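Listed here are the chains, written in short residue letters.
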Amino acid sequence: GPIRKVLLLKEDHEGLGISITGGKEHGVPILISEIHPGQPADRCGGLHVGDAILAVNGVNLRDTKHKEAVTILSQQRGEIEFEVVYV
Amino acid sequence: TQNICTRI
């Protein structure tokens, strides 16, 4: 599919409201596994289960192990701009 | 066991 850019806002006390799976050590992208009701991603729209997250706030996720991607995504605050593509 | 889903 086409690559999309989607920005949401996250307050410091909030999570992103997504679950991810995949990663370099499993030979697949960082994939959105679930979008959780009522949390920032759900309230924004534009992210979808099965999207690959290619980058977040300009930080490349294409060659990251699962744990590293968790670290990177968890460290984003405020404006969070996702670069995603449906694989 | 190794693939997991992580909530963030």
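Here is what the cut-offs are and how they apply
- Residues numbered from 1 in each chain as written, not as in the entry; some residues may be left out.
- Chains lettered and ligands numbered in written order.
- Heavy atoms only, no water.
- Helix = DSSP H or I, 4+ residues; strand = E, 2+ residues; numbered from the N terminus.
- Rg over C-alpha atoms; globule rule 2.2 N^0.38 Å.
- Buried < 20%, exposed > 50% of the residue type's maximum accessible area, 1.4 Å probe, protein only.
- Contact = heavy atoms within 4.5 Å.
- Areas by Shrake-Rupley, 256 points an atom, 1.4 Å probe, with all protein chains shown as cover.
- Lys, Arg positive; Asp, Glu negative; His and termini not counted.
- Charge placed at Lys NZ, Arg CZ, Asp CG, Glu CD.
- Pairing = 2+ DSSP bridges.
- Polar contact = N/O pair within 3.5 Å; in protein donor to acceptor, adjacent residues only side chain to side chain.

As documented in the archive entry, the model was determined using X-ray crystallography at 1.85 Å resolution.

Under the annotation held in the PDB entry, chain A carries the name Golgi-associated PDZ and coiled-coil motif-containing protein and is attributed to Homo sapiens.

Draft legend 1. Structural context of the overall build of chain A. The secondary structure content of chain A amounts to two helices and six strands. Element order for chain A, N to C, with α for helix and β for strand: β-β-β-α-β-β-α-β. Computed over its C-alpha atoms, the radius of gyration of chain A comes to 12 Å, within 12% of the 12 Å expected for a compact globule of 87 residues. Here the C-alpha coordinates of chain A stretch approximately 30 × 25 × 20 Å along the principal axes. Taking all 87 residues of chain A together, 45% fall into the buried category. Summarising the internal contacts of chain A: among those between residues at least 6 apart in sequence, 60% fall at separations of at least 24. Within the structure as shown, chain A displays about 4,600 Å² of accessible surface, and the carbon and sulfur contribution to it stands at 52%. The centroid of the 9 positive side-chain charges in chain A is displaced by 5 Å from the centroid of its 12 negative side-chain charges.

Draft legend 2. Up close: unusual backbone geometry. All names here are of chain A. At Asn 57, a residue that is not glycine, the phi angle is positive and equals roughly 50°. Position of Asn 57 among the secondary structure elements: in the loop between β4 (51-56) and β5 (59-60). The exposure class assigned to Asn 57 is partly exposed, which follows from its relative accessible area of 32%.

Draft legend 3. Spotlight on the pairing of strand β2 (residues 18-23) of chain A. Taken across its six residues, β2 of chain A has six buried, putting it largely inside the fold. When β2 of chain A meets strand β3 (residues 28-35) of chain A, the two strands line up antiparallel, connected through six bridges. The residue bridging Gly 22 of chain A from the neighbouring strand is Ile 30 of chain A, located in β3 of chain A. Here β2 of chain A folds back onto β3 of chain A, and the loop between the two strands holds four residues, one of which, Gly 27 of chain A, carries a positive phi near 70°. With two bridges connecting them, β2 of chain A and strand β1 (residues 6-7) of chain B associate as antiparallel partners. Counterpart to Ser 19 of chain A in the pairing with β1 of chain B is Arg 7 of chain B.

Draft legend 4. Inspection of the side chain of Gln 76 of chain A at higher detail. Residue and element names in this part refer to chain A. By the secondary structure assignment, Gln 76 is in the loop between α2 (66-74) and β6 (78-86). A relative accessible area of 12% means that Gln 76 is categorised as buried. Among the polar contacts listed, one links the side chain of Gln 76 to the backbone oxygen of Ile 72, at a separation of 2.9 Å. Once residues lying within four places of it in the same chain are set aside, the contact partners of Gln 76 are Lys 10, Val 56 and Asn 57.

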